[PDB]
Structure formats: C-alpha cells, structure tokens
Amino acid sequence: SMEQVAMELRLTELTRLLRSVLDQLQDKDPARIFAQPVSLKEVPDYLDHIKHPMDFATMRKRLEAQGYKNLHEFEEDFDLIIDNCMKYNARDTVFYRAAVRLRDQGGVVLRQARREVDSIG
C-alpha cells in the first residue's frame with residue numbers, strides 16, 4: 001500500500017534525525033567511556049547489578065535496523081546508559097562523573113530534538 005510506504009518514509013526520516021542526535025550525544029563522551037558494552041569478561045558480576053545494560057554501539061545497531069519508532073524509545077536507551085553507570089559506580093569515580101556530564105550536556109541536544117520531531121512530524 002501507499003500508506004505503508006509513507007509510514008516507512010517517516011521512519012526513515014526519523015532514523016536520519018536520530019543518527020544526527022546520536023552523533024552529537026556521543027561527542028559529549030570524548031573519553032569513550034560509553035562507546036561499548038561493559039565487558040562480562042572484565043566485570044563478571046555486572047548483570048547481578050544491572051538488568052538492562054546499554055551503550056552507544058548497541059544503540060547504533062538498533063538505530064541502523066530502524067528499531068526506534070519514536071524519540072521516547074531512543075531517549076529510554078540513552079537514559080539507561082547514564083542511569084546504569086550512576087548505580088554501578090560510586091560518586092567519586094571518573095565513570096560516574098562522566099555520566100553526569102553526559103546527562104547535562106545531552107539534555108540540551110535532546111531538548112531541541114524533541115522540538116524537531118514534533119515540528120516536522
């Protein structure tokens with residue numbers, strides 16, 4: 001149907017916008033602390049602590065399969081990155097501090113992405 005195609009073009013366009021958001025958020029992590037999944041070889045107890053691990057590479061895989069239907073889903077995954085780190089790591093660590101900085105810097109990016117998603121439809 002033409003309607004199914006139109007819906008597919010919208011998903012494609014949302015995918016484009018989310019890729020640009022993802023790039024901008026990941027620039028706010030120049031240490032690449034959140035680039036890859038926490039290694040279960042190096043942190044063997046991690047899944048006893050954190051039930052839904054998340055990282056930028058895993059988001060990027062989802063994004064490229066057009067697996068985010070809306071901005072809310074993408075923000076949920078970004079929030080898991082931050083929130084997981086802030087639970088596993090103590091306040092006095094470079095990890096926790098990186099998460100706070102990412103949260104604070106990313107909020108600005110996400111605020112204008114929400115306006116763009118709404119605006120363009």
# chains A, B, ... in the order shown; residues from 1 in each chain; ligands from 1

$ residues_around --residues "range 62-72 of chain A" --least-positions-apart "4" --cutoff "10 Å" --atoms "only C-alpha atoms" --output "list in words"
residues 8, 10, 11, 12, 13, 14, 15, 16, 17, 18, 19, 22, 56, 57, 58, 76, 77, 78, 110, 113, 114, 117 and 118 of chain A

$ write_last_selection --atoms "N, CA, C and O atoms" --output "short mmCIF file (atom, residue, chain, number, x, y, z; two decimals), in the first residue's frame"
data_model
loop_
_atom_site.label_atom_id
_atom_site.label_comp_id
_atom_site.auth_asym_id
_atom_site.auth_seq_id
_atom_site.Cartn_x
_atom_site.Cartn_y
_atom_site.Cartn_z
N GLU A 8 6.76 4.07 6.22
CA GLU A 8 8.21 3.71 6.06
C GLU A 8 9.12 4.89 5.75
O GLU A 8 10.25 5.00 6.28
N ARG A 10 8.62 7.99 6.78
CA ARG A 10 8.64 8.74 8.06
C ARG A 10 9.63 8.09 9.02
O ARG A 10 10.40 8.78 9.65
N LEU A 11 9.58 6.77 9.12
CA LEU A 11 10.52 6.01 9.97
C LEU A 11 11.97 6.24 9.50
O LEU A 11 12.86 6.54 10.34
N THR A 12 12.20 6.22 8.19
CA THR A 12 13.48 6.52 7.63
C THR A 12 13.94 7.88 7.99
O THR A 12 15.11 8.06 8.38
N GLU A 13 13.06 8.87 7.88
CA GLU A 13 13.45 10.24 8.20
C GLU A 13 13.70 10.40 9.72
O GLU A 13 14.63 11.10 10.12
N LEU A 14 12.93 9.72 10.54
CA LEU A 14 13.17 9.80 12.00
C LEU A 14 14.56 9.17 12.29
O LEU A 14 15.31 9.69 13.13
N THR A 15 14.88 8.06 11.57
CA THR A 15 16.16 7.41 11.65
C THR A 15 17.27 8.34 11.33
O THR A 15 18.29 8.35 12.09
N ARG A 16 17.13 9.16 10.27
CA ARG A 16 18.14 10.15 9.95
C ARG A 16 18.35 11.15 11.08
O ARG A 16 19.48 11.53 11.37
N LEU A 17 17.27 11.68 11.61
CA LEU A 17 17.36 12.69 12.67
C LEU A 17 18.03 12.08 13.92
O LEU A 17 18.93 12.72 14.48
N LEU A 18 17.64 10.85 14.28
CA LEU A 18 18.22 10.14 15.45
C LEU A 18 19.70 9.81 15.29
O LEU A 18 20.45 9.84 16.27
N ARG A 19 20.15 9.51 14.07
CA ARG A 19 21.56 9.33 13.83
C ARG A 19 22.32 10.60 14.13
O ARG A 19 23.42 10.52 14.68
N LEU A 22 22.40 11.03 17.86
CA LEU A 22 23.30 10.05 18.44
C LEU A 22 24.74 10.52 18.30
O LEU A 22 25.58 10.46 19.28
N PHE A 56 26.56 3.04 23.52
CA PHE A 56 26.33 3.71 22.24
C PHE A 56 26.41 2.77 21.02
O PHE A 56 25.69 2.98 19.99
N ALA A 57 27.27 1.74 21.06
CA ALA A 57 27.34 0.81 19.96
C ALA A 57 26.06 0.01 19.79
O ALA A 57 25.61 -0.23 18.66
N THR A 58 25.50 -0.42 20.91
CA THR A 58 24.27 -1.17 20.93
C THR A 58 23.11 -0.27 20.42
O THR A 58 22.29 -0.75 19.64
N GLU A 76 14.88 6.56 26.12
CA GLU A 76 14.94 5.50 27.14
C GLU A 76 16.31 4.78 27.19
O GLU A 76 16.90 4.57 28.29
N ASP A 77 16.81 4.46 26.00
CA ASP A 77 18.10 3.79 25.86
C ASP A 77 19.23 4.73 26.29
O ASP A 77 20.16 4.28 26.99
N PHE A 78 19.21 6.02 25.89
CA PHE A 78 20.20 6.97 26.38
C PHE A 78 20.20 7.09 27.90
O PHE A 78 21.23 7.01 28.57
N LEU A 110 18.83 16.93 23.37
CA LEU A 110 17.54 16.25 23.38
C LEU A 110 16.35 17.22 23.43
O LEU A 110 15.28 16.93 22.87
N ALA A 113 15.98 18.26 19.84
CA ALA A 113 15.48 17.14 19.06
C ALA A 113 13.98 16.90 19.23
O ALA A 113 13.30 16.62 18.24
N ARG A 114 13.46 17.02 20.45
CA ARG A 114 12.02 16.89 20.70
C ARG A 114 11.23 17.94 19.92
O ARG A 114 10.21 17.63 19.31
N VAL A 117 11.31 16.82 16.17
CA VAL A 117 10.45 15.69 15.91
C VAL A 117 9.00 16.08 15.82
O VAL A 117 8.31 15.67 14.85
N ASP A 118 8.55 16.86 16.80
CA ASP A 118 7.20 17.45 16.85
C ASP A 118 6.92 18.38 15.65
O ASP A 118 5.90 18.24 14.97
#

$ residues_around --residues "residue 97 in chain A" --least-positions-apart "5" --cutoff "12 Å" --atoms "only C-alpha atoms" --output "ChimeraX atom specification"
/A:29,31,33,82-83,85-87,89-92,102-104

$ atom_distance --atom1 "CA of residue 120 in chain A" --atom2 "CA of residue 74 in chain A"
17.4 Å

$ closest_residue --among "A:35, A:21, A:9, A:47" --to "residue 88 in chain A" --atoms "only C-alpha atoms"
A:47

$ select_by_dssp --residues "chain A" --states "alpha helix (DSSP H)" --output "PyMOL selection string"
chain A and resi 2-27+46-49+56-64+71-88+94-120

$ atom_distance --atom1 "CA of residue 60 in chain A" --atom2 "CA of residue 81 in chain A"
12.9 Å

$ atom_distance --atom1 "CA of residue 23 in chain A" --atom2 "CA of residue 55 in chain A"
13.1 Å
